[PDB]
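Q: Mind having a look at this structure? Questions to follow.
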Amino acid sequence: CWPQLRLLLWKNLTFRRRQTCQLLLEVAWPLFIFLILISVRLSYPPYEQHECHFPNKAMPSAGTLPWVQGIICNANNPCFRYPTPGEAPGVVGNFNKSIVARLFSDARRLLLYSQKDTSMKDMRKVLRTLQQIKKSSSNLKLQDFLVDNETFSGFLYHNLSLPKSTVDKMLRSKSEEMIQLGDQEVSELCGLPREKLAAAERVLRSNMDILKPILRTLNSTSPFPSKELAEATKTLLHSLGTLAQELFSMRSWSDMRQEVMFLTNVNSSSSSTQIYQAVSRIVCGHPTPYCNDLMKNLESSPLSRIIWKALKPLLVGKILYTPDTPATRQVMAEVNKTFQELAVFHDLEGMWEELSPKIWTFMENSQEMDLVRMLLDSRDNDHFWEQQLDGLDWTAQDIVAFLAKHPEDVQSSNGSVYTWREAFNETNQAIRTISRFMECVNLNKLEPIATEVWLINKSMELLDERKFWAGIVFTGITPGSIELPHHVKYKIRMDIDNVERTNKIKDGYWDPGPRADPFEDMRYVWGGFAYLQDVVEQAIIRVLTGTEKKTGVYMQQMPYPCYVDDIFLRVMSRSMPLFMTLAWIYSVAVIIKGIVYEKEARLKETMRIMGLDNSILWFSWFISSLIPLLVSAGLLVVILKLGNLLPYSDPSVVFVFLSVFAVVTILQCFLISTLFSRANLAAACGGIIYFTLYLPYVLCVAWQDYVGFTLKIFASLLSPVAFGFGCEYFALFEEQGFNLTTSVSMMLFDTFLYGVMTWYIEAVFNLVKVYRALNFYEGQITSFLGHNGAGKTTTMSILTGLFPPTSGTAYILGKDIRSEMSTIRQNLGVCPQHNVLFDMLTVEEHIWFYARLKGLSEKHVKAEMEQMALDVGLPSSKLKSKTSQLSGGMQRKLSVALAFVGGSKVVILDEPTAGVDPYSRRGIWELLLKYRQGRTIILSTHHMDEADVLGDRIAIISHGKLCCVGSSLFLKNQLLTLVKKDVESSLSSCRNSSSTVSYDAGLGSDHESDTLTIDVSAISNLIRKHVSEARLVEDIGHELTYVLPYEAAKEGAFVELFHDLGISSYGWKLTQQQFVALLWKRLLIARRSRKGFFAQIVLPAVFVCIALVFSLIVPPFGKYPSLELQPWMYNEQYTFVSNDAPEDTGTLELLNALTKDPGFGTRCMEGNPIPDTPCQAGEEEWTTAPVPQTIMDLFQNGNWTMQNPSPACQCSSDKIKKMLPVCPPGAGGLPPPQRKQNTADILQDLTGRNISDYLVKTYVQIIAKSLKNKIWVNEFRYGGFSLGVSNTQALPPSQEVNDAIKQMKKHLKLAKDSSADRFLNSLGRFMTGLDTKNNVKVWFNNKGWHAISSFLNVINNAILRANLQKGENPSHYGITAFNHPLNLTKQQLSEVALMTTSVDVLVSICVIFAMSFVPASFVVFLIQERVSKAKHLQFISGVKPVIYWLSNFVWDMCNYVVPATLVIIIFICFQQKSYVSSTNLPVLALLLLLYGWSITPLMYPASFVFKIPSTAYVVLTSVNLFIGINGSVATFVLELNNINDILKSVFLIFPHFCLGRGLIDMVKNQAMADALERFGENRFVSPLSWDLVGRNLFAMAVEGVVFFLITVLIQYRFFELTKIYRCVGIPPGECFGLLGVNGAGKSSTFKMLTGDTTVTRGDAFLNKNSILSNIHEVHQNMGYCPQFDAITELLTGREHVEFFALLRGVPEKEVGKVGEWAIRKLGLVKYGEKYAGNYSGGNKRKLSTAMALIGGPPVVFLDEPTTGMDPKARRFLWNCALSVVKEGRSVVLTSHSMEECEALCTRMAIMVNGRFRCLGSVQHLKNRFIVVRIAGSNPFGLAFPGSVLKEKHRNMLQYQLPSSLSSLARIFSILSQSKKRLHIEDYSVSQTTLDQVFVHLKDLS
Ligand SMILES: *[C@@H]1O[C@H](CO)[C@@H](O[C@@H]2O[C@H](CO)[C@@H](O[C@@H]3O[C@H](CO[C@@H]4O[C@H](CO)[C@@H](O)[C@H](O)[C@@H]4O)[C@@H](O)[C@H](O[C@@H]4O[C@H](CO)[C@@H](O)[C@H](O)[C@@H]4O)[C@@H]3O)[C@H](O)[C@H]2NC(C)=O)[C@H](O)[C@H]1NC(C)=O
Ligand SMILES: *[C@@H]1O[C@H](CO)[C@@H](O[C@@H]2O[C@H](CO)[C@@H](O)[C@H](O)[C@H]2NC(C)=O)[C@H](O)[C@H]1NC(C)=O
Ligand SMILES: *[C@@H]1O[C@H](CO)[C@@H](O)[C@H](O)[C@H]1NC(C)=O
Ligand SMILES: *[C@@H]1O[C@H](CO)[C@@H](O)[C@H](O)[C@H]1NC(C)=O
Ligand SMILES: *[C@@H]1O[C@H](CO)[C@@H](O)[C@H](O)[C@H]1NC(C)=O
Ligand SMILES: *[C@@H]1O[C@H](CO)[C@@H](O)[C@H](O)[C@H]1NC(C)=O
């Protein structure tokens, strides 16, 4: 059973080997698509991130300095990769390292020491114990003051204008030379050297004078003198000891200048990172016209963008507010306090107005500071002051301390300057810059407002004025100073570009990621919603309760674990079966074209005739379908692993799984294959049912509702969803390497169910035969000619088909057919009517395929190929031309040749001669003639003359039983004349049978020879007009004893005969009436097509409905507003509470109220948030989880794991492989810690855990747990919060700081002015703006959009439930906080108008699909009118085709009116895009109806030449879609040259006609949307729907479409019968007929001649039926008929008749029922007119000749007048023609069967090369050159009564054109032709113009 399947695969594979284009599109299409998609991979490489950890933000209840470092420091959120110590349990601050923090730390140290210092006033009492007792030690360089008892030379000596010594007579040249050096050498050591170098040049006058000054000894020996000074100066030296230690030890402004001074002094000074590198070291660690110019430069400077977006809502902006009741004014007072804790900088200029000269002179002329300069340097102060100063710290020096202390001027310029004269203008510059910068921060930013609509309007104006922070709408009650109602809302309205967009509360489609893009998506805490949240919350609390601050609240993000993003891998492998489907859309289309292609030409059924069963067919297509698909799948595997697309899953099972899906897409291709009846309708419709085979997967990716066995329920029915789900299994087990067994199971069971649908859909759409019974004998040509019984085709088709018993007939066997159901079926071939061509295999391979397919192949059929080649007759031309379509004419010779190939036991052929006349009996009767000697060959037929040429026997079934049997001689002498005897013996008159053992006057002398011949030789004389068929009554032999009767006329007396023997020899208003007649016909085909195509009305309306119902769902984009609450507000989660630093200060008080009866959130003795619905179910006692046996693993984690790390590792992301998250090996952060389910959450009390590594690891394992299951999982928790205590390691608390400002203020000129009062009080509040007694810290997750605000509301809620004194519950306090953004501006409403416009461009492309899909209906009815029926037929009758195209076009408008109106009712019954208004209706509707007016002309010149039916539907839908999407890009100009192309689109669509409705439709809805919103809140412009902007271009062009209609009809305007031209005169009485083969163009010149161009193109031009000048007379009255059956494909029979009469007669009243005198005349009114439409079979040609009958022509034409008219309608329809031309109409004729035409004709017609000039009757043409077949293959009347007296057996004589006849019986026909023959030649003048003696019965001209 192999080689029939090997050759059968030779058929299937050879079908593709002989094409070489569908194989290359086939195997090259997935190459192209998968390489393009693999390019879309290799454009986007994988994106990797380390394990991101995040800094903590700060919030202004913490302190003003930590959060302004929170703004300047970390805008970027920089992913530190290692936990920044804010993410530790205890330590929070993150900014020890900030040197700005050490500055105000030093402010606290200097103030808190100056609270406890007595130094300068003890210096004052040193001075007063020097002012009173010592009484003079005011001592400068020049002179010495001393007023005492002169303990050590108490005197004076003046370095003055002259040398004066006030102890004796000084008396000086040397005077000014002495004191000029003396004030120069006025030093501690140069007092002695001045008198020394002087005393070298002076005398012992400088010995007593120097003797007093040595006893003076420069203010150090004098300090020894009194004892009361000594203790007081000891307190001086100790006081300057500790002040020296502190004032050096502060160290900060020293290092501040020693970082800022390098950058802006050096020569190049160019920018780098180094400016904000060094500034980033200043504020953090290692890891008005000048105002406006400055803010422009700060937006200009790079690496300062995001901090400018963040600082702009701090320093410029302005905030506002609602109802101002004085209690609520306390709220605004206290938020104003939290801003004016930054306001210590306005007064700072106020110091340098006031304190500056006091300092400048105190450091110049205070004698107290002179003593500080005195004791600052001495030898006793070297040991003492450098003992305490050397032990102070690593100080500058005592000499350097002396340097920066007290000058008189500069000492030297070049050496080293580090001094206060430098420093005083250093700090003076500093306060200038800080003054002018901090004169740009409007810290008066509050504006109370009574009505919130003024707040929104003023809000809009201020927003356009560049400065707007939030606006806090309250819900305060009345102007009544009951403080707050115990439960406040508030409503922080901000604009859209800062507060997060409040439409969606989660990420949407969850991709992984940390979501920390700092500009795009951190948007609460640079735009600064949250800052309003914290400040305003702490304000409300401080009103309601009374406690002062005692909380900071930081913001830490939860860290995110080292992910990757491969969104192309993810959405690609999630959406695999689209681009897997595409290559097999092409493959499915090719294989389904194969199946129904050979179903069309009936190769399956003739293959079943060849003795096969359907198993081998369907299996063969299964295999050879499978192989190119399978190699495409293997090529996907090679492009799939090696192309870097899917690692981690082993490359074998992708090939196995694609092999399975290849199998099941094949069986779904057979399932969609067995239902179609035409080649290319299937070959384009199959891929679209492969889309709709696919789409429930895309329709099932989101809804999700089919989780359980509903996957099996929608998988047993559907194959590609079962592939998509298994590929979801690939995508889930894709990055780390329900189930796939479900996928292969539903695939395999889906295939088996598809095969049950294949068979169960297949069944739903010597050689005797004894069954009454006969015996088809040895034969050598049998025949069965019975049409009175309609089961003769069922007799042969039952004799060899799939029925051993009969079908409603005698169920019995013949020659034991069931006993040899493969043997006798393997013996006797057949040849069906449907010509088995195997359309493009090869000629010798058609012979080889039918031969080997029969059997005896490898040896015998090789030899039989040559003998088969001895039957056709073109061996090398079969080799050169092998394609069966390439041959022609003798195709039926290859049919019967293919049947008679091999060993033909009983070749039961049927109808072998339906072809060309000179090859019909020549070809088929030549092959049946020469191949006759083998065995019996039955042959049914329709034309009977070939059966008369056939030569063993005949049969005539009466009603299922043979009314005769025996050869044609036996029916001849028992009853041409046999063809007439196929009716008179077709009834039940008489039956005869002789079933014997099958085991020209010279014809008158031959007639008398037959008279003298029948006696000696027993013979029955029979001359059939050309050949003396000498029958004989002989049982055996005598073929040589009878040759003497042939010897009497042995001149070519050939025995062309057969067998016991038988010998043979050779010897107007009617215009508009036709207009409404055509419209009537269209009304008929419309109204009668119920099952007919209402799909062209249902389809556009329903796809408008799927567009609009798709449009009801989409997000509106204009609802950035909402009114949210801010609880946790998410569905299921659980938070966590870390009670860190458990030393029960106030944190115990906090957690004590965060987990008690008011609970975690916002309700208050009522369920206030609306879906929260309290539902307190959950115990009050801590209950952990059960643990598997790894707590010994935890005990041996107590070995070697402490809090430094405390899990194992994680399966970290790698360099060449990657992982989406990253897994733990064991249990990361391992024990499940304590639980407490309270209100829809179970807050897991971490306590002292390592919180960051817990969050990373346990987030990993809960995601990777619930991702294998793939519930497409959201997030597990959204925000926790540690509690805490930050240490009190700072100086003793805030009240002592304030008291230090108290007595610091009381000392040193206590003042109440504008400057020093406000500066000192503001410094007091600023310094109390840094203490954080505790601090909670919020750990939010950021993946929820609204977490950051929300837990902040939860915590500030908790502080409110904490601090209250002893109320009767903390239950009904509490605070919510509604985010609610602000109405949009011009630009934002405009931009969302643009987006909503694009979302409606979707509706443009779908309604342009539907009204793109209407006109193809009108096209395909025009193809059904152009295909050989009534374009030509109705164009024959004089119509002037302007009215024809205007008829069809006016209808197509009128039929366009209905479904477009239905679409108008669709989205006017909907409420989108068109409404009640007068700018919605007209520009829609007139555009639609006028849009049908637009398209419907332009489809007609696309429908002249489209030479294939019922596919312009498809391809015009395609090209019209490409016009639409060309529209979509043609105004996607938003993603003056742009106005040159996009405003050139109006001139581009000025001649373009189908884009205009789309894009002008989008101008319509853009205009109504834009004016809707914009006059919806603002001023008015003109509503311009019907204006010249959008719509008038559409009305201009598409109302210009009538020019395209003129292009259509103008495109069509370019497109008896006496033929005696440049002589065949067809007169008005004859019956002509075209029977010639020497010419070919007479038929094209006939349909041309019956048509417009009456003469032949490229030939003689003359007057033969001229139809040009007097048109609609000659060629238009003359009825014709095409070669096919012009049948009005589904119109009606009766209305086809009466309509065809109505369009031409102008007899409309009598043309109402002229079809009774025509349809009743044609004999087709019962079974042809009531059963209206496709009246089957032979009645169609009767209706065609009927449609040419009613014309009433002057000359008729009927070519191919019969093709299935075997029973009666050949000579009966020919009898109707005989009535036509016999009534005086002079018909024409053309036939592929010269017998039945030649019997009825009267004159032949044939053209050699010029005109026809063929004028001959049948007996004359036979007399010169049956006889009609032999001649067609090789190259007054009263004397009938005289013969009726001569021939005494006077029979009848049917008339003729010129001729007569004689039907006398052959009883004694001796003298019947003897005396009439010798008299026929004797009295041939009686037959003068007849001029013939032409030849039981006879006929004679
Ligand atoms: C909770 O659990 C987490 C688990 O991650 C702990 O996080 C650990 O925190 C440590 C903080 O000190 C991290 O150590 C850092 O490691 C960096 C990486 O350099 C390593 O170098 C060694 C040898 O040189 C190699 O073996 C490693 O493979 C790395 O190459 C160090 O650079 C870093 O040192 C710091 O650098 C900065 C910047 O230069 C300096 O400013 C600073 O002074 C210091 O020198 C530091 O040592 C550790 O990676 C991290 N993870 C793990 C798995 O240990 C938390 O600490 C736990 N919580 C508590 C409260 O302990
Ligand atoms: C901002 O938009 C809102 C809603 O679109 C407007 O709120 C309206 O308030 C008035 C007060 O009675 C009523 O018309 C409606 O309750 C609200 N909606 C509408 C559509 O009017 C608010 O007035 C707008 N403000 C501005 C300045 O446009
Ligand atoms: C600041 O530095 C001191 C070093 O004396 C250290 O003890 C303290 O813990 C640090 N504080 C913070 C919040 O980092
Ligand atoms: C300000 O200090 C600078 C330091 O370079 C000095 O040159 C200048 O003279 C000082 N100006 C006054 C007015 O003291
Ligand atoms: C608000 O604070 C500013 C300081 O920033 C101050 O000048 C102003 O007087 C305050 N106004 C009220 C009403 O407290
Ligand atoms: C709102 O603002 C418009 C101008 O923007 C102004 O004409 C109108 O009077 C304002 N209405 C109110 C209630 O403030």
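Along the chain as shown, the residues are counted starting at 1.
Going by what the header records, the deposited coordinates were determined by electron microscopy, 4.1 Å.
The backbone N, Cα and C atoms fix where each Cβ goes, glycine too.
Per Swiss-Prot, the features are:
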BINDING   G1636, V1637, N1638, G1639, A1640, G1641, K1642, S1643  ATP 2 binding site
CARBOHYD  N12  N-linked glycosylation site
CARBOHYD  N96  N-linked glycosylation site
CARBOHYD  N149  N-linked glycosylation site
CARBOHYD  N219  N-linked glycosylation site
CARBOHYD  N336  N-linked glycosylation site
CARBOHYD  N414  N-linked glycosylation site
CARBOHYD  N425  N-linked glycosylation site
CARBOHYD  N739  N-linked glycosylation site
CARBOHYD  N992  N-linked glycosylation site
CARBOHYD  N1199  N-linked glycosylation site
CARBOHYD  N1383  N-linked glycosylation site
CARBOHYD  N1734  N-linked glycosylation site
MOD_RES   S895  phosphoserine
MOD_RES   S1744  phosphoserine
REGION    67-78  region 'Annulus domain 1'
REGION    304-315  region 'Annulus domain 2'
REGION    500-530  region 'Gateway domain'
TOPO_DOM  1118-1402  topological domain 'Extracellular'
TRANSMEM  20-40  transmembrane segment
TRANSMEM  576-596  transmembrane segment
TRANSMEM  619-639  transmembrane segment
TRANSMEM  652-672  transmembrane segment
TRANSMEM  681-701  transmembrane segment
TRANSMEM  713-733  transmembrane segment
TRANSMEM  1403-1423  transmembrane segment
TRANSMEM  1449-1469  transmembrane segment
TRANSMEM  1481-1501  transmembrane segment
TRANSMEM  1514-1534  transmembrane segment
TRANSMEM  1542-1562  transmembrane segment
TRANSMEM  1592-1612  transmembrane segment
Q: As a test of the contact definition, list every same-chain residue at least 6 positions from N992 (N-linked glycosylation site) whose Cβ is closer than 8 Å to its Cβ.
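A: Correct list: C964, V965, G966, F970, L971, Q974.
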Q: With 10 residues left out of the model, how far is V1895 from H1896 at the Cα, in Å?
A: 12
Q: Under 8 angstroms, Cβ to Cβ: which one of 20-40, 652-672, 713-733, 1481-1501 has the largest number of such pairs with the transmembrane segment (1542-1562)?
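A: Comparing 20-40, 652-672, 713-733, 1481-1501 against the transmembrane segment (1542-1562), the winner is 1481-1501.
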Q: In whole Å, how far does the CA atom of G1639 (ATP 2 binding site) lie from that of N336 (N-linked glycosylation site)?
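A: That separation, Cα to Cα, works out to 113 Å.
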Q: With every protein chain in view, how many other Cβ atoms are within 10 Å of the Cβ of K1642 (ATP 2 binding site)?
A: 21
Q: If I take the C-alpha of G1067 and the C-alpha of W1068, which enclose 83 unmodelled residues, how far apart are they in Å?
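A: Between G1067 and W1068, the Cα atoms are separated by 64 Å.
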Q: Which one is closest to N414 (N-linked glycosylation site) in space, judged by CA to CA distance, out of the recorded positions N219, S895, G1636, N1638?
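A: In terms of Cα distance, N414 (N-linked glycosylation site) lies closest to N219.
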Q: Residue list, the transmembrane segment (576-596) vs rest of chain: Cβ under 8 Å, 6 or more residues beyond ends.
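A: Those are 12, 15, 22, 25-26, 29-30, 33-34, 37, 621, 625, 628-629, 632, 636, 658, 661-662, 665-666, 669-670, 672-674, 676-680, 682-684, 686-687, 690-691, 694, 697, 720, 723-724, 727, 730-731, in sequence order.
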Q: Within 10 Å of each Cβ, count the other Cβ atoms and name the one among the binding-site residues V1637, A1640 with the highest count.
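A: Going through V1637, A1640 one by one, the largest Cβ count within 10 Å is at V1637.
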Q: Reported as an integer number of Å, what is the Cα distance between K1642 (ATP 2 binding site) and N1383 (N-linked glycosylation site)?
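A: Distance between the two Cα atoms comes out at 84 Å.
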Q: Write down the Cα-Cα distance for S1744 (phosphoserine) and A1640 (ATP 2 binding site), rounded and given in Å.
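A: That comes out at 24 Å between the alpha carbons.
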Q: If you check the recorded positions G1636, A1640, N1734 one by one, which have a CB less than 6 Å away from any atom of ligand 4?
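A: Among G1636, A1640, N1734, near ligand 4: none.
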Q: Quick one, can you pull the C-alpha distance from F1615 to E1616 in angstrom, nearest whole number? The 40 residues in between aren't in the model.
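A: Cα to Cα across the gap: 26 Å.
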Q: Please check each of the recorded positions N96, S895, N992, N1199, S1643, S1744 and report the ones with a CB atom less than 6 Å from an atom of ligand 3, ordered along the sequence.
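A: Within range of ligand 3: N96.
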Q: Round to a whole number and give the Cα-to-Cα distance in Å for the pair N425 (N-linked glycosylation site) and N96 (N-linked glycosylation site).
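A: Here the two Cα atoms are 30 Å apart.
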Q: Under a threshold of 6 Å between Cβ and any atom of ligand 2, which of the glycosylation sites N336, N992, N1383 are retained?
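A: The qualifying glycosylation sites are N1383.
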Q: By a Cβ-Cβ criterion of under 8 Å, what residues six or more beyond either terminus of the transmembrane segment (1481-1501) are in contact with it?
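A: Distal contacts: 1411-1412, 1414-1416, 1418-1419, 1422, 1445, 1449, 1452-1453, 1456-1457, 1460-1461, 1463-1464, 1473-1474, 1516, 1553-1554, 1556-1557, 1560-1561, 1564, 1585-1586, 1590-1591, 1594-1595, 1597-1599, 1601-1602, 1604-1605, 1607-1608, 1611.
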Q: Have a look around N219 (N-linked glycosylation site) and count the other CB atoms within 10 A of its CB, chains all included.
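A: There are 15 such Cβ atoms around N219 (N-linked glycosylation site).
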Q: Do you know offhand how many angstrom separate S1643 (ATP 2 binding site) and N739 (N-linked glycosylation site) by C-alpha?
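A: It is 70 Å, counting Cα to Cα.
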Q: Does any of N336, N739, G1641 have a Cβ within less than 6 Å of an atom of ligand 5? These are the recorded positions; tell me which, or none.
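A: Listed by sequence, the hits are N336.
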Q: Can you figure out which of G1636, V1637, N1638, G1641 (the binding-site residues) comes closest in space to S895 (phosphoserine), comparing Cα atoms?
A: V1637
Q: What count of other C-beta atoms do you get within 10 angstroms of the C-beta of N425 (N-linked glycosylation site), across all chains shown?
A: 11
Q: In the structure shown, which of the recorded positions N149, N1383, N1638 has the fewest other Cβ atoms within 10 Å?
A: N149
Q: Where, among 652-672, 713-733, 1403-1423, 1449-1469, 1514-1534, do we find the most CB pairs under 8 A to the transmembrane segment (681-701)?
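A: By the under-8 Å Cβ criterion, the transmembrane segment (681-701) pairs most with 713-733.
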